[PDB]
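J.: Here you go, one structure.
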Amino acid sequence: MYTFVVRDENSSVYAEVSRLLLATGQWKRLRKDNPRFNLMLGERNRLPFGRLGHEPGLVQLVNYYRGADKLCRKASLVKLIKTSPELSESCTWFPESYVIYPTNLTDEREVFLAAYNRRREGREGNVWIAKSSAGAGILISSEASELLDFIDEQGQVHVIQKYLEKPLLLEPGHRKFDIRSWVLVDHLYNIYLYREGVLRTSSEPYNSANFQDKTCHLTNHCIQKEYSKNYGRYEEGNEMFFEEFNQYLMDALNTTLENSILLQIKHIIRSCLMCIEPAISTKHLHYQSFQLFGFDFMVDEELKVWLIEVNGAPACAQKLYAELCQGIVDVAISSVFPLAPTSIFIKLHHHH
Amino acid sequence: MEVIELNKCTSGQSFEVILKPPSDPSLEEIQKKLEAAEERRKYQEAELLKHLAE
Amino acid sequence: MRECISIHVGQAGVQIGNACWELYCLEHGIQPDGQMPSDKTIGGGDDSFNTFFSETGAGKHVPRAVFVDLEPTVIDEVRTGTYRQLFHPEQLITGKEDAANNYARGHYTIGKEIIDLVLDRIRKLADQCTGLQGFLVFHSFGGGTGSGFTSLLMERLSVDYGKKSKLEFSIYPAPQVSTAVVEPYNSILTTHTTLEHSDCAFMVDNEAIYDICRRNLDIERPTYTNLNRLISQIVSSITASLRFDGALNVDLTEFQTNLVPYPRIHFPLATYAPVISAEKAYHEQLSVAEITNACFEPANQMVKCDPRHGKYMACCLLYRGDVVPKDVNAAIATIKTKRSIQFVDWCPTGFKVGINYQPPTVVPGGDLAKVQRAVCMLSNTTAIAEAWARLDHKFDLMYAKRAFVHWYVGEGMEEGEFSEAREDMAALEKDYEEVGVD
Amino acid sequence: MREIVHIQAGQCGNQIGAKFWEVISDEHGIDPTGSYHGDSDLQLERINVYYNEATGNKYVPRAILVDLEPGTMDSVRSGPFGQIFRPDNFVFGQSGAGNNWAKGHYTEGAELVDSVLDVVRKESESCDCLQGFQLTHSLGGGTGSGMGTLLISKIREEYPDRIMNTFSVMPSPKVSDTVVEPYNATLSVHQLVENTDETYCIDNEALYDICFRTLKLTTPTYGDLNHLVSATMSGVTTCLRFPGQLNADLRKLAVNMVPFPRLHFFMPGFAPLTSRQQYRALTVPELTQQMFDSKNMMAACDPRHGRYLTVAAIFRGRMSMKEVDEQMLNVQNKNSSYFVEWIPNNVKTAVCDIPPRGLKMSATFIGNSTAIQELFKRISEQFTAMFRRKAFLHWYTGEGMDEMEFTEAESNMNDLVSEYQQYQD
Ligand SMILES: Nc1nc2c(ncn2[C@@H]2O[C@H](COP(=O)(O)OP(=O)(O)OP(=O)(O)O)[C@@H](O)[C@H]2O)c(=O)[nH]1
Ligand SMILES: Nc1ncnc2c1ncn2[C@@H]1O[C@H](COP(=O)(O)OP(=O)(O)CP(=O)(O)O)[C@@H](O)[C@H]1O
Ligand SMILES: Nc1nc2c(ncn2[C@@H]2O[C@H](COP(=O)(O)OP(=O)(O)O)[C@@H](O)[C@H]2O)c(=O)[nH]1
Ligand SMILES: Cc1nnc(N2CCCCC2)s1
Ligand SMILES: Cc1nnc(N2CCCCC2)s1
Ligand SMILES: [Ca+2]
Ligand SMILES: [Ca+2]
Ligand SMILES: [Ca+2]
Ligand SMILES: [Mg+2]
Ligand SMILES: [Mg+2]
Ligand SMILES: [Mg+2]
């Protein structure tokens, strides 16, 4: 009889994992402050890791990797990619990005302007997007003067990265989109990729001559469902699943999703996670960790995959909650606390 | 990765490796503390005996 | 030659002290009767080992130690033990009834009545020293004596020996090894009144020793004897520089100079390797790089925490055995390219290294196997703040209900000393966060 | 040398006390004549805790036998080990207490108390370092209840900083001698709330049910009930009477078991409890499951009706100390809803190699549970049922008591109940 505690009442994902655990009749839920637990569904911020693995006779598991924030923070990811020899600054799948601190506070302000002038003089497309983890607050612009002034008006660290001016546009519609992939990493540090992904499309035609209207450029589900006027016209909820997106690529580009895009997605997941493995592995630690990750990618007209950001507390597609949440309990929770297929995941093997 | 201050003797040696450069109460006050706690023990015991005498 | 007086307070300090002086004697070739053949200067001499042993005209080598316990059963094991001949009676001080795991009892009620006797006995050892350096004070956090009487001793030692350095070897409470419910109270109370009196303190988490004894030594249920011999090896590694010819950590003042840049943050994390079961048929002798790599695995730390998520302020590498500087630097370079070593920006990224050619000595019939080389790493990490957090949280749980508080008030302690001590730990936790987090 | 002075008062007190000394004397090797005939030094290591050493290597219990009538103690003096008690330690009168608290506490008892204290003073004067006192008695009679608590109050006045513990037999209508037992119990419980550090609550109803249902005894006697109390008393004092890594006197035990001064009433438990299929070996899992089962507990309180403030368990026998930890940690981590989460690690276990007589291994359970409030509720209810009609009150007003004293005892115990109820939430 296993016990667990819940410390994040806003997790849609683990709220289902907690619902499944109870349905097994072999898991018991305790108060969020009871230290005698087997599994902790922890909080997003300031999870007291230092209080795990000290209870006599208890194997304690937690749904967060201490240190994974390095990957799931805008300015942290930028620094990690530039200072990690496994990734190098010549990383071919991450847009050119710089960390820019507001002038009211190292910083890469001058370095950003150097490459900026290079593009302006070289006749090359010089449109950048400014963003920060404190956003719902995004600014897309072709003038450097506007990007830097937008950051100083705020008070938190920002990152300026190149805006993909040639995104792969779906047809009909002539519309942007992004690809969300859910990745589970278990206590042993096997990297499992959920076989099901989603494309969060833009219900508006991509307009490269007016970054003022941020509805055809930002493919988020909230922006498309709040400001876009054609929400749910092409796909229900501006969400296209792999089966449809694959058939489209076969009829349009004569290619498959696996060859044209998924090989690069799997490569990018392996690179990011293997990079920080020595820093966050719990293999030799007094407690065990797993974590679900939301990787967000972009695809350009050359069928090249770009990494946009990594979300450490991701949500899931309404249609894919049951299967994925069950997969968490199968490979992540029950793999350590067994109960009295055809796996939904794709094990991205690697060297530890 | 420099080694400095290498000291050698028959029973061993010691050195330093640099990888990267850088970027009370008096005796009286304690007696008061001790006696202060003792007095509070006397007061509490006085009340106990007063309670038992009642 | 400068002397170091060892002070062992309470059950844990006395028993740990007993296992250290057993090891000291085997390391310096001192027989139980106190005789030492190699010591060619009879009844005299200012050798390295003389920092810990005085000499009688009859050739006896007497430890410079004082054993204090408010109850006599533990110290009576020394009076009748193997090394009963090493100490003379004045060195073993015992009361009648203990502190009952009650800090206020060991500090106020009983401490007040025996403190002047201990200081007098310590003055006796001090009067035999031509240049006393300071004191090594062994004690537990949880015991009523180890916590309560130690803090009072440290307040008086600062008064009587102002210019002297004071080091602690503190046993951090863990439920695995025998523990009580009120020990979080005693731990925080003693850390509060002792903080401004300790120049450097090495915490040993009993949970760490318990795990190393089960994992490495393959002991189903370790006893105090298993735990103490393992603990004395680490203590021996840390004090060897004071007892042997060398140049690193040659006096107590050097411990603060090498390991403590900020006074309050004076708790270095200790790591030791290798710990090899003697019951093993025959183990492959580990290399300099391998045992040096082991110093960055959490499994061999004296306090369970994750140094990967902190910042280093200092670092000492103490090797014993077949080790030469070439192997050390070759291994250090290899580890900087692999591990997660985050130094603070206001501290050089370096390692002071000490090598003692005599390999570790192991008590015959003990649990530890003879190894040709071992290392103890002393690194000051913000990661050790996890141990304060864990312990501070147990204090908060009970104190929110004022559970057990009446036992301390009943001995003359004011309830205000609880919150005053807890707010000091809160300030201590913030100091670590200011030094580590960004 | 941490001596304990033992005191047994009244009929129940002395019959349970007698069997206690009969049991531990056997465990320590003392025969009825006081001569040691053991075979292990472990029997003599902590022997001075409960026995004095006379000339000729004789061992005399440090026990004081008190009663207001000569009957029971005359039986003890003629009993199996009756010859082993110090003749001067028999203090008794002739009037009796008529099952009347006021008589034992204010009238008949007051006349005899000074001579009892004269014998306590004599036993304490020879102790190298007195741990504290323990008293065996019932709460439903007159001497053990009324005079017993008077003795506690006068022992505290004279030894204010010594530990005072009691084994107290609570009354029950199912196993009752007179209808005034709720009166005597409620009056005693108020004294105990103030003047004892630890009180082991032994409910005569729980003892009866165990003898009837678990032991399969058709007609239990007081002797059968006292066999259970003897075994329990031997178990709770095992860590005082035998060597081990414990190193804990009464005060250290109290400090760690009592988080609030008034909530010091314990539920004892024992295992095994087998009917005569009695030679079967009991596994550590079986010891732990039974020792935590309500049917093995002697306060007639269902632990699932409250929460444990603190728990201590002593295992006796040569068993797997690794297996002991696994089972103890398996009970807490499988019923965490019955332990308070605001006292870290409030369950402590000890092991002792020497098992009781005729048992390969056993377990003794000591629980500070808020479910004990159910026991005081029953007493309070029976009390009020009579007191609201002033029934049988003349037996007490005739001894000089006023109704006001009864009203206060009532409130004090209902407060105690309310105090338990708030820590259970
Ligand atoms: N590592 C180790 N820990 C010990 C030893 N003895 C006791 N302890 C620890 O010390 C704590 C209990 O405090 P003690 O040192 O026994 O108590 P004390 O200092 O003698 O003070 P009193 O309350 O008066 O008995 C527990 O957490 C034990 O785990 C020992 O020999 N080795
Ligand atoms: N360099 C770039 N090139 C092209 N589009 C970009 C871009 N950076 C951001 N976007 C757009 O912004 C959206 C993602 O924004 P971002 O992920 O930075 O904000 P966010 O983190 O609040 C959304 P979420 O975390 O839920 O995925 C994508 O739909 C993408 O179309
Ligand atoms: N368990 C047990 N209970 C007893 C025994 N004798 C009396 N009692 C109980 O104790 C109460 C009677 O008190 P008693 O000790 O006889 O009065 P006293 O002699 O004046 O102290 C009633 O509740 C009885 O059920 C006994 O030998 N064993
Ligand atoms: C030495 C010890 N003596 N008693 C202890 N406990 C009793 C059970 C609760 C926790 C503490 S520890
Ligand atoms: C009388 C007693 N009260 N508590 C006890 N224990 C302390 C914890 C371990 C078992 C013994 S003995
Ligand atoms: Ca000499
Ligand atoms: Ca000082
Ligand atoms: Ca008369
Ligand atoms: Mg984001
Ligand atoms: Mg002690
Ligand atoms: Mg009777």
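By order in the structure tokens, chains are A, B, ...; within a chain, residues start at 1; ligands start at 1, following the order shown.
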Do me a favour and pick out the residues of chain A within 12 Å of chain C, using only C-alpha atoms, as a PyMOL selection string.

T.: chain A and resi 33-35+46+48-58+65-70+84-86+275-287

J.: All residues within 12 Å of ligand 8 are required, counting only C-alpha atoms and all ligand atoms; please report them as a PyMOL selection string.

T.: chain D and resi 68+93-97+103-104+106-112

J.: Take the residues just selected and output them with N, CA and C atoms as a tab-separated table (two decimals), in the first residue's frame.

T.:
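Generated file (out26.tsv):
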```tsv
chain	number	residue	atom	x	y	z
D	68	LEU	N	-5.03	-0.36	54.30
D	68	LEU	CA	-5.76	0.05	55.49
D	68	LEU	C	-6.44	-1.12	56.20
D	93	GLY	N	-3.25	-0.66	58.36
D	93	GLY	CA	-4.16	-0.43	59.45
D	93	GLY	C	-5.21	-1.53	59.55
D	94	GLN	N	-6.22	-1.26	60.39
D	94	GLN	CA	-7.27	-2.23	60.67
D	94	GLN	C	-8.67	-1.76	60.31
D	95	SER	N	-8.89	-0.45	60.18
D	95	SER	CA	-10.24	0.06	59.95
D	95	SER	C	-10.71	-0.24	58.53
D	96	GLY	N	-9.81	-0.19	57.56
D	96	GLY	CA	-10.20	-0.27	56.16
D	96	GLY	C	-10.71	1.06	55.64
D	97	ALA	N	-10.97	1.08	54.33
D	97	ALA	CA	-11.44	2.29	53.66
D	97	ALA	C	-12.83	2.14	53.06
D	103	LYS	N	-12.26	8.25	52.76
D	103	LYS	CA	-11.64	7.56	53.89
D	103	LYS	C	-10.16	7.32	53.65
D	104	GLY	N	-9.78	6.92	52.43
D	104	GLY	CA	-8.38	6.69	52.14
D	104	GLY	C	-7.57	7.96	52.03
D	106	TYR	N	-8.58	11.32	53.32
D	106	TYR	CA	-8.77	12.38	54.31
D	106	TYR	C	-8.86	11.90	55.75
D	107	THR	N	-9.38	10.70	56.00
D	107	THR	CA	-9.63	10.27	57.36
D	107	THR	C	-8.77	9.07	57.66
D	108	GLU	N	-9.22	7.84	57.41
D	108	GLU	CA	-8.42	6.67	57.75
D	108	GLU	C	-7.01	6.76	57.16
D	109	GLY	N	-6.90	7.23	55.92
D	109	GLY	CA	-5.59	7.32	55.30
D	109	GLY	C	-4.68	8.34	55.96
D	110	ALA	N	-5.22	9.52	56.27
D	110	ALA	CA	-4.41	10.56	56.89
D	110	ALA	C	-3.75	10.06	58.17
D	111	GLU	N	-4.41	9.15	58.88
D	111	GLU	CA	-3.86	8.64	60.13
D	111	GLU	C	-2.62	7.78	59.90
D	112	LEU	N	-2.53	7.13	58.75
D	112	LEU	CA	-1.48	6.15	58.50
D	112	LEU	C	-0.37	6.66	57.58
```

J.: Could I get the residue neighbourhood of ligand 6 at 9 Å, counting only C-alpha atoms and all ligand atoms, as a list in words?

T.: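 Counting only C-alpha atoms and all ligand atoms, the residues within 9 Å of ligand 6 come out as residues 36, 38, 39, 40, 41, 42, 43, 44, 45, 46, 47, 49, 50, 54, 55, 59 and 61 of chain C.
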
J.: Only C-alpha atoms, please: the residues just picked out, written as a short mmCIF file (atom, residue, chain, number, x, y, z; two decimals), in the first residue's frame.

T.:
```cif
data_model
loop_
_atom_site.label_atom_id
_atom_site.label_comp_id
_atom_site.auth_asym_id
_atom_site.auth_seq_id
_atom_site.Cartn_x
_atom_site.Cartn_y
_atom_site.Cartn_z
CA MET C 36 55.98 4.10 23.42
CA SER C 38 60.12 4.54 19.40
CA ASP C 39 59.95 7.65 21.60
CA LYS C 40 63.66 7.85 22.43
CA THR C 41 63.16 11.00 24.55
CA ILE C 42 61.83 9.54 27.81
CA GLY C 43 59.64 11.83 29.88
CA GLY C 44 60.17 14.67 27.43
CA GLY C 45 60.20 15.86 23.85
CA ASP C 46 58.47 18.31 21.51
CA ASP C 47 57.63 15.96 18.63
CA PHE C 49 52.64 13.58 18.46
CA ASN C 50 53.36 15.63 21.61
CA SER C 54 52.19 14.45 27.27
CA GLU C 55 54.91 12.30 28.81
CA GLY C 59 57.75 7.03 29.88
CA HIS C 61 52.33 8.91 26.96
#
```

J.: Excluding residue 215 in chain C and its own-chain neighbours fewer than 3 positions away, which residues fall within 12 Å of it when counting only C-alpha atoms? Please give them as number ranges by chain.

T.: C: 208-212, 218-222, 275-277, 299-300

J.: For the interface of chain D with chain B (cut-off 12 Å, counting only C-alpha atoms), please tabulate each contacting residue of chain D alongside its nearest pair of atoms and their separation in Å to one decimal, rows sorted by chain and increasing number, as JSON lines.

T.:
```
{"residue": "D:150", "atom": "CA", "partner": "B:52", "partner_atom": "CA", "distance": 11.0}
{"residue": "D:152", "atom": "CA", "partner": "B:52", "partner_atom": "CA", "distance": 11.2}
{"residue": "D:153", "atom": "CA", "partner": "B:52", "partner_atom": "CA", "distance": 7.4}
{"residue": "D:154", "atom": "CA", "partner": "B:52", "partner_atom": "CA", "distance": 8.3}
{"residue": "D:155", "atom": "CA", "partner": "B:52", "partner_atom": "CA", "distance": 10.7}
{"residue": "D:156", "atom": "CA", "partner": "B:52", "partner_atom": "CA", "distance": 8.6}
{"residue": "D:157", "atom": "CA", "partner": "B:49", "partner_atom": "CA", "distance": 6.5}
{"residue": "D:158", "atom": "CA", "partner": "B:49", "partner_atom": "CA", "distance": 9.3}
{"residue": "D:159", "atom": "CA", "partner": "B:49", "partner_atom": "CA", "distance": 10.8}
{"residue": "D:160", "atom": "CA", "partner": "B:45", "partner_atom": "CA", "distance": 7.9}
{"residue": "D:161", "atom": "CA", "partner": "B:45", "partner_atom": "CA", "distance": 9.2}
{"residue": "D:191", "atom": "CA", "partner": "B:52", "partner_atom": "CA", "distance": 11.6}
{"residue": "D:194", "atom": "CA", "partner": "B:48", "partner_atom": "CA", "distance": 10.5}
{"residue": "D:195", "atom": "CA", "partner": "B:52", "partner_atom": "CA", "distance": 10.4}
```

J.: Using only C-alpha atoms, find which residues of chain C lie within 10 Å of chain D and jot them down as a ChimeraX atom specification.

T.: /C:11,71-74,96-102,144,174-176,178-184,220-221,223-224,393-408

J.: List all protein, DNA and RNA residues that have at least one atom no more than 9 Å from any atom of ligand 2, counting only C-alpha atoms and all ligand atoms, and write them as a ChimeraX atom specification.

T.: /A:74,94-97,128-138,140,160-167,176-180,200-202,216-222,294-299,306-311,314-315

J.: Can you list every residue in range 193-233 of chain C that DSSP puts in alpha helix (DSSP H), as a compact mmCIF listing (two decimals) with N, CA and C atoms, in the first residue's frame?

T.:
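Written output follows (states.txt):
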```txt
# COMPACT_ATOMS: atom_id res chain seq x y z
N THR C 193 23.61 29.08 20.82
CA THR C 193 24.51 29.61 21.84
C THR C 193 25.97 29.25 21.58
N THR C 194 26.24 28.30 20.69
CA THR C 194 27.61 27.90 20.39
C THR C 194 28.19 28.60 19.17
N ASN C 206 24.53 11.14 11.55
CA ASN C 206 24.47 9.71 11.85
C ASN C 206 23.82 8.93 10.72
N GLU C 207 22.91 9.55 9.97
CA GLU C 207 22.30 8.87 8.83
C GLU C 207 23.36 8.52 7.78
N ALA C 208 24.33 9.42 7.57
CA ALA C 208 25.40 9.14 6.62
C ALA C 208 26.25 7.97 7.07
N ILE C 209 26.68 7.98 8.34
CA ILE C 209 27.50 6.88 8.85
C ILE C 209 26.73 5.57 8.79
N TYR C 210 25.44 5.60 9.13
CA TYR C 210 24.62 4.40 9.08
C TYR C 210 24.58 3.81 7.68
N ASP C 211 24.40 4.67 6.66
CA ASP C 211 24.32 4.19 5.29
C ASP C 211 25.66 3.65 4.80
N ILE C 212 26.75 4.35 5.10
CA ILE C 212 28.07 3.86 4.70
C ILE C 212 28.37 2.53 5.37
N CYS C 213 27.91 2.34 6.61
CA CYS C 213 28.14 1.08 7.31
C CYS C 213 27.32 -0.06 6.71
N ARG C 214 26.11 0.22 6.23
CA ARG C 214 25.31 -0.84 5.62
C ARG C 214 25.72 -1.10 4.18
N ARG C 215 25.98 -0.05 3.41
CA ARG C 215 26.29 -0.18 1.99
C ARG C 215 27.69 -0.75 1.77
N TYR C 224 26.97 1.24 17.66
CA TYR C 224 27.80 2.42 17.93
C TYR C 224 29.27 2.13 17.69
N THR C 225 29.72 0.91 18.01
CA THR C 225 31.12 0.55 17.79
C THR C 225 31.46 0.62 16.30
N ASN C 226 30.58 0.10 15.45
CA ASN C 226 30.80 0.23 14.01
C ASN C 226 30.80 1.69 13.59
N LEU C 227 29.83 2.47 14.08
CA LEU C 227 29.73 3.87 13.69
C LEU C 227 30.92 4.67 14.19
N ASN C 228 31.41 4.37 15.40
CA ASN C 228 32.43 5.22 16.00
C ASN C 228 33.79 4.99 15.37
N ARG C 229 34.14 3.73 15.09
CA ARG C 229 35.41 3.47 14.41
C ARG C 229 35.43 4.11 13.02
N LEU C 230 34.31 4.05 12.30
CA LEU C 230 34.24 4.75 11.02
C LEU C 230 34.40 6.25 11.21
N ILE C 231 33.75 6.81 12.24
CA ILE C 231 33.85 8.24 12.51
C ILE C 231 35.26 8.63 12.92
N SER C 232 35.97 7.76 13.66
CA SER C 232 37.31 8.12 14.11
C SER C 232 38.30 8.16 12.96
N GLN C 233 38.13 7.30 11.95
CA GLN C 233 38.95 7.41 10.75
C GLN C 233 38.87 8.82 10.17
```

J.: Of the residues A:196, A:43, A:258, A:186, which is the one nearest to residue 324 in chain A, using only C-alpha atoms?

T.: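 That would be A:196, the residue with the smallest distance to residue 324 in chain A.
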
J.: Would you mind writing down, as a PyMOL selection string, each residue of chain B that DSSP on the backbone assigns to strand (DSSP E or B)?

T.: chain B and resi 2-9+12-20

J.: Using only C-alpha atoms and a cut-off of 6 Å, which residues of chain B sit close to chain C? Please list them as a PyMOL selection string.

T.: chain B and resi 11-23+34+37-38+40-41

J.: For chain D, which residues have at least one atom within 7 Å of chain A, if we go by only C-alpha atoms? Write them as a PDB file with N, CA and C atoms, in the first residue's frame, please.

T.:
```pdb
ATOM      1  N   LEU D 329       8.429  -0.009  10.883  1.00  0.00           N
ATOM      2  CA  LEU D 329       8.266   0.984   9.829  1.00  0.00           C
ATOM      3  C   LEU D 329       7.178   0.593   8.837  1.00  0.00           C
ATOM      4  N   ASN D 333       4.040   3.380   8.296  1.00  0.00           N
ATOM      5  CA  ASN D 333       3.876   3.748   6.895  1.00  0.00           C
ATOM      6  C   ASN D 333       2.673   3.081   6.242  1.00  0.00           C
ATOM      7  N   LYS D 334       1.884   2.316   6.997  1.00  0.00           N
ATOM      8  CA  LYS D 334       0.637   1.751   6.506  1.00  0.00           C
ATOM      9  C   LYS D 334      -0.570   2.217   7.306  1.00  0.00           C
ATOM     10  N   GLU D 341       1.349  14.135  12.721  1.00  0.00           N
ATOM     11  CA  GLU D 341       2.427  14.444  11.796  1.00  0.00           C
ATOM     12  C   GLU D 341       3.300  15.597  12.271  1.00  0.00           C
TER      13      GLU D 341
END
```

J.: For each of A:252, A:292, A:168, A:139, take the minimum atom-to-atom distance to residue 212 in chain A, counting only C-alpha atoms, then give the residue where this is smallest.

T.: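 Selected residue with least distance to residue 212 in chain A: A:139.
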
J.: Of the residues D:24, D:371, D:76, D:311, which is the one nearest to ligand 4, using only C-alpha atoms and all ligand atoms?

T.: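 Among the listed residues, D:311 lies closest to ligand 4.
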
J.: Skip range 166-172 of chain C itself and residues of its chain fewer than 6 positions away, then list as an NGL selection string all residues within 8 Å of it, counting only C-alpha atoms.

T.: :C and (12 or 134-142 or 187 or 197-206 or 252)

J.: Residues within 12 Å of residue 431 in chain C, please, as a count of residues only. Count only C-alpha atoms; anything in the same chain fewer than 2 positions from it doesn't count.

T.: 19
